[PDB]
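Proteins get letters first, then strands, A, B, ... in listed order; numbering begins at 1 in each. Side-chain atoms are counted along with the backbone in the values below, which use heavy atoms only and exclude waters and symmetry mates.
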Amino acid sequence: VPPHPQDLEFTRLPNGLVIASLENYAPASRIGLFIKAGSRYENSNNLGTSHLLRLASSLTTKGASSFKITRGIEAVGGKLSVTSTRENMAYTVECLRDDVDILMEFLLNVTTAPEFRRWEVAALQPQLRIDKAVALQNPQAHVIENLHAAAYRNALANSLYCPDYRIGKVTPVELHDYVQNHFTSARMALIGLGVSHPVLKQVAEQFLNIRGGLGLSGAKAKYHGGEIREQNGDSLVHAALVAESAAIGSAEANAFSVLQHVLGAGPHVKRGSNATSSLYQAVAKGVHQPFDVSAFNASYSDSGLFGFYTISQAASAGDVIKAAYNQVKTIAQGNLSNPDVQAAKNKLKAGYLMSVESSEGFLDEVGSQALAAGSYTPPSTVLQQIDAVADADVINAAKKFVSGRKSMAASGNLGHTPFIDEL
Amino acid sequence: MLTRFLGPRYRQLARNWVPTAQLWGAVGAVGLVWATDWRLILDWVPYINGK
Amino acid sequence: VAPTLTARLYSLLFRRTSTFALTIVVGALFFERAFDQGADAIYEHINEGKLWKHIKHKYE
Amino acid sequence: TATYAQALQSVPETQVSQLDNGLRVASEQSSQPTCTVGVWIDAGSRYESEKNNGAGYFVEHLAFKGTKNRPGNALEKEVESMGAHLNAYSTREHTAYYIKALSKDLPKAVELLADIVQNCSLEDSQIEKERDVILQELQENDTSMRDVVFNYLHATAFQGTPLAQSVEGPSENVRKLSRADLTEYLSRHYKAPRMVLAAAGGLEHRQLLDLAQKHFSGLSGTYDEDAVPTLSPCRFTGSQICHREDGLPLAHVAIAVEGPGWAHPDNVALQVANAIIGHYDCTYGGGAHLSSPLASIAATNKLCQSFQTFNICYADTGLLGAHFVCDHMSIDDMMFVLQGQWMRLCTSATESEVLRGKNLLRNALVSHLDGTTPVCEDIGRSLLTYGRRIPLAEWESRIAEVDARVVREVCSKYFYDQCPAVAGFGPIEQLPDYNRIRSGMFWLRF
Amino acid sequence: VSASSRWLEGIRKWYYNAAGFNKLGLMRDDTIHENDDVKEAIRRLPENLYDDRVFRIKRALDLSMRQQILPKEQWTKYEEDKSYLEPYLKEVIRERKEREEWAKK
């Protein structure tokens, strides 16, 4: 018999800042500061700046040296992590509840009083190369970075990782500028787990009243299309095929989200046939041996990419891609069930609920919602939102993908990988 | 400027090495005594009274 | 009694290189003497060519 | 506001129940709309003989491929269709099958789990298809140096015992195992008093109990009796296994001494000292300023790409040590530093660092028990290994009790002048000689 | 402020001229003995200062070699003597002492 839960408390300060807190009477605390400072905010003269930034969460600040940040946090067994996406940077901090004050202070310092000292920044550049090498060892990452560079001509085309020519070249002044014009009240949200609203709001009004950056969540992503190819020899060809879909939060977005589950996303059963996956069954039929297929769905502030991702043998790329595309085509032509849209619905809804089961995920959903919608939508109403997706909306989403200008990224031995032209 | 070594931790460190430093002195004592056949000291030891 | 012997010997005196050394030095003391007794006593028993000569020539 | 202490008393007590069977049905209710339910079985590979070896691993591959009532592919279709997740794992002492599901789905979730647990339709066509699959898995497993080194470490540490064996078994067993072989393993092992039905989330323990009686009724009832062995202790050996291969570009090394095992209270202190040494990885922010001297020296002199301490618990024994990955010319240095730290902690743990280690553990524990899955897994495992469910309040109490004296006392017992089990893979020309690794397990000043 | 400050200042200006590094075109901070704190601060100097510092020292070593000195005109006037290194060194010391305080706990 657990106590009855609290309700999340939400507040929009008139300067734009958002505050959200939940008092789960947890033994630990999670504090996160979300900022619209993602990679889409870099431009052609400062690429990778937000990567180097992402990596400098512990350089010296005013009122807290590097050594202190490190030792101070480990003394209470706390954590300081920074996580990025093409739209946001999210500095999160965690510790037992008796220690939120010391961790909150450190957080404020990293985000509002960074000094970016020449010699500490110089010492840190090589970490970009290490950090990028470690990420790029998963074929997916190069692919999705190429996918985006191919799909957009703008903002969203930027990568999460520093271009190689920029490694060693980002300057402390560029770091200063990135923070000054992006880490401002109107582009920020402060999420609290295990803390109290008055403490958050007090902190916000005392330390997060900073304004002098830019305004909107956009330079505005121009969708373009076209494709990128990287010859490799990896035995497995990795490929992604996409079209412009819907902006996050819009109703069309949930149609895409459901379409994703009709077609099929991740596996639900350890080593399964993936029976309820339209794509995996459709490729199976014509392809006999190693391959994976998944619907892909990225949704951003002012755009979105939907399609599928294939991993197959160098000689089966064509067949796997072609079959996979044809199967979407089939849903676009109207051949979609009702217990199907239903199952998809149940996979989505349950998946969401499960996605915010832990703190790490709840705080991130809350944080991103605050940043994209300026509000908090409870699970019951998100479920209601998915529930309002109609069969025809899913069919229309499918229809939009088929007839829209495409974007493809592929890496591996491409000798049998189709061009777009040939899809 | 030996103040750098003055604090709680350093004090705990000194206590931790005390039994060891004591025993190392026991070794040096007996060590010299036995090696020089210390007439003064050895007379007290039963069975090592070779006079 | 037998396993616990080598065992106890390790427990109380062997781990700490301290005691390990404290014992060998202390063990060298007793040994040096007990060896010189037996050794000389052995040298005597196989001989008796000097020393009991003293009981004869002097005693004054 | 609610203190940390207070917050621990707030955690609802895990509810226990037993079926007239031996099946312990335990749960921890929360207000979540989601849950995790599952069966934790006392079946591993430490329970298998040299020719059964790979049995359990083989059963896992068949587990979700068809029951008697749910043939070939239907079970998946049901799980997938309700948006649930079906997973499974097997270590050397434990086997689990659990489902992540919407809370209302608890009924079917259980009904399904039972079906998998008792009516496994091990159809020949599949038992045969699985053998080419498991063989494949072995081939990829071979490329994971880390997985190979811990297998090696077990192989030598537990020379001649069943704990020496790997989970997946040797290739010859994978290709020769019969249905009879599997059938026998299940019957010998998957029986009531050796398995726990666990759950965590939005459910009432009554419901759980209703279901346990409903679909798990009829196992060890008319069963018990003759043919149920206990596990014999496993001799830890203290030796070395070096697989030299200059074709790989980084060396993997795994050293450990013998640990006490699950139940020993000594585990808490051991875990605190480990926390003080901690871990490292080349993507860690903050290198030179890290608290752990190992990590800091490691980061500063670029002595490795990663390291991690560990404490693997088995009944009555365990592996206590660290693993690391480094360049061919850094193995020596890395070894020297790691050992230096154990010795230091054995002889001179200061008081300040023990509070860090303690804090690290409280944060790890509480951070780990977050979300239904980890909690359900903790209920299931805990009942299999403690017979009870240890409330956070008690672990805190245990952590709290550790101070420096305890650390240097407890570390000395297991580390000081003890023979390590060493496992080396990669370009190990400079892996120190065992005699010298053994000499580094004590020091002349102390 | 008054006669008093000027007197100390002029006692200082006197020693300075007597110390005589200015005769070799050097600056106070160029003569600083290199230790750990000093090495790090030298390391933290920005490109320009570090370059100037090396040339100054080279000019001097070169003179001290042939045991000549600079024309009077080019000596480094007290006043005009830039403590370029000081702020860096102070921060390096200030950093170390923090580790040192941390090491006591």
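The existence of a salt bridge linking D:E111 and D:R70 is confirmed by a sub-4.0 Å separation between a basic side-chain nitrogen and an acidic carboxylate oxygen. A salt bridge is defined here as a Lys NZ or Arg NE, NH1 or NH2 lying under 4.0 Å from an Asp or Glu carboxylate O, and D:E123 with D:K65 fails to meet this definition.
In this pair, D:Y98 and D:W40 present their aromatic rings parallel. The plane angle is below 30°, not in the 30 to 60° band. Between A:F256 and A:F306, the ring planes lie tilted relative to each other; the angle falls in the 30° to 60° range.
The closest donor-acceptor contact from the side chain of D:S178 to the backbone of D:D181 lies under 3.5 Å. In this structure a side-chain-to-backbone donor-acceptor pair under 3.5 Å is present from D:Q118 to D:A114. Formation of a donor-acceptor pair under 3.5 Å by the D:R131 side chain with backbone atoms of D:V174 is found in this model. Between the side chain of D:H215 and the main chain of D:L211, no donor-acceptor pair closer than 3.5 Å is present.
Of the candidates D:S103, D:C376, D:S27, D:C35 forms a side-chain contact (heavy atoms from CB on, under 4.5 Å) with just one, namely D:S103.
For D:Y47, the ring-ring contact (aromatic ring centres under 6.0 Å, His included) criterion is met by D:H189, not counting sequence neighbours. With sequence neighbours excluded, the residues satisfying salt bridge (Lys or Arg N to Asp or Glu O under 4.0 Å) with D:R46 are D:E93. Among residues two or more places apart in sequence or in another chain, the ring-ring contact (aromatic ring centres under 6.0 Å, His included) test is passed with D:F58 by none. Residues that satisfy the ring-ring contact (aromatic ring centres under 6.0 Å, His included) test with A:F308, not counting sequence neighbours, are absent from this structure.
Under the 6.0 Å cut-off for aromatic ring centres, D:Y152 and D:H252 do not qualify, their centroids lying 6.0 Å or more apart. In this structure, the ring of D:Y89 has its center no less than 6.0 angstrom from the ring center of D:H94.
Evaluation of the side chain to side chain donor-acceptor pair (under 3.5 Å) test over residues 135-144 of chain D, restricted to residues two or more places apart or in two chains, returns A:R271-D:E137, D:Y57-D:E137, D:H61-D:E137, D:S144-D:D147.
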What donor-acceptor contacts under 3.5 angstrom involve side-chain atoms of residues 380-388 of chain D, with partners at least two apart or in another chain?
| unit_1 | atom_1 | unit_2 | atom_2 | d |
| --- | --- | --- | --- | --- |
| D:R381 | NH2 | D:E377 | OE1 | 3.1 |
| D:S382 | OG | D:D378 | O | 2.8 |
| D:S382 | OG | D:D378 | OD1 | 3.4 |
| D:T385 | OG1 | D:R381 | O | 3.0 |
| D:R388 | NH2 | D:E394 | OE1 | 2.5 |

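Around the NZ atom of D:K51, the shell of radius 6.0 Å holds no more than 12 heavy atoms that belong to other residues, nucleotides or ligands.
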